[PDB]
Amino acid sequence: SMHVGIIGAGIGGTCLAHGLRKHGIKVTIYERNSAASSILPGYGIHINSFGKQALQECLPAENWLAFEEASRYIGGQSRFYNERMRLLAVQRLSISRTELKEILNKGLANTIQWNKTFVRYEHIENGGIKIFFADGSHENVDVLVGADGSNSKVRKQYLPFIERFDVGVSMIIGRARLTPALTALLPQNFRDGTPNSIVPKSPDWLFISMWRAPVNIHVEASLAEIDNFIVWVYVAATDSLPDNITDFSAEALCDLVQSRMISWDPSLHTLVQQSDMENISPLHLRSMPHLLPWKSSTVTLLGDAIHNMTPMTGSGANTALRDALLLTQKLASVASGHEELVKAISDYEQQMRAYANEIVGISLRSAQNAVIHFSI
């Protein structure tokens, strides 16, 4: 009878809705986008053990089998080189974001309410929460979950004092299709599925890995053509890049990274030169301070809404999935008669803060290490 309203049909929100349905809980998702996107995401997601367990425990079996079918293994043995190809030091599931979303959306056609942009909520005096949308509509629910991403309006209303800070580190991310030709022109360590890190003398870094991703981002999702892409990530101090790097053309971003790699091994140049000019992304890294407890209520948050101020390279998808499994389990304990609602929400929030804080800390140190090189 408790009706859970979720803002956002992203990774976390869809996983959550599957989980709640499994436990017999009434659930609706309100999503700002239309059911058919115009552009596909150009990137891949690597699923770790937390993400994998969340998917297997929440998804209907037919969705889980589709996930197993679409994913591929991506490797361990991460290698470290200097910038002159000298080796310094030496199992996840890889899937495209577009496939993962199609799999997550399957079975939710009559759960997801499309074109519903959350604007605010109000507590109703009888208990319950009134949700207002940008088109002027409203709905009433018993529990509100903000799964609405890094700039979550739900979080901004519920926990207004949580503020992001600039890390002082920025990155430029590109992809290159592993075509027959490119495969011939790159050494095997670029294509074998083990990630590589290039550690130069300069205060910056180049990370190399692989994504499964669509060749053409301008087709319907069900028609996406999925291939292997090398992904590269150039990491440096924000102050070492142009003030307006985020407004640079793809061509200027490419030029800039090549300028930073003068003298580095030619294979690294070949990779960057052969990258896709429609999918090069500059990003300024932002983080948040340690999450302190807050008083629990029938409004809560999951995913990037509470974990990641930057939608970035990292483990955001996995953490969003982890949250969804956890919140499913806690809301199920209320449905099944074992715990009070707000107490169960509190338990979720306390556990989530513990791993959230740990992960944020790890991410921050990793970013700093790209510039300082204290780990060598």
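Numbers follow the displayed sequence, beginning with 1.
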- Query: Residues with no coordinates between residue 223 and residue 224 in the deposited sequence, how many: none, 1 to 3, 4 to 9, or 10 or more?
  - Reply: none
- Between 304-312 and 49-57, name whichever shows the higher mean Cα B factor according to the PDB entry. 304-312
- Query: On average, which has the higher Cα B-factor in the deposited entry, 94-102 or 109-117?
  - Reply: 109-117
- Item | Highest-ranked of 339, 349, 31, 68 once sorted by CA temperature factor in the record | 339
- Message: Among the choices 188, 170, 209, 259, identify the one whose CA B-factor in the record is greatest.
- Response: 188
- With respect to C-alpha B-factor, does residue 150 fall in the lowest, middle or highest third of the chain as deposited? middle
- Query: When the modelled residues of the chain are sorted by Cα temperature factor, does residue 363 land in the lowest, middle or highest third?
  - Reply: highest
- Message: Is residue 319 in the lowest, middle or highest third of its chain when residues are ranked by C-alpha B-factor?
- Response: lowest
- Note on the structure: residue 37: CA temperature factor from the record, placed by chain third, in the highest
- Item | Among modelled residues of the same chain, the CA temperature factor third for residue 200 | middle
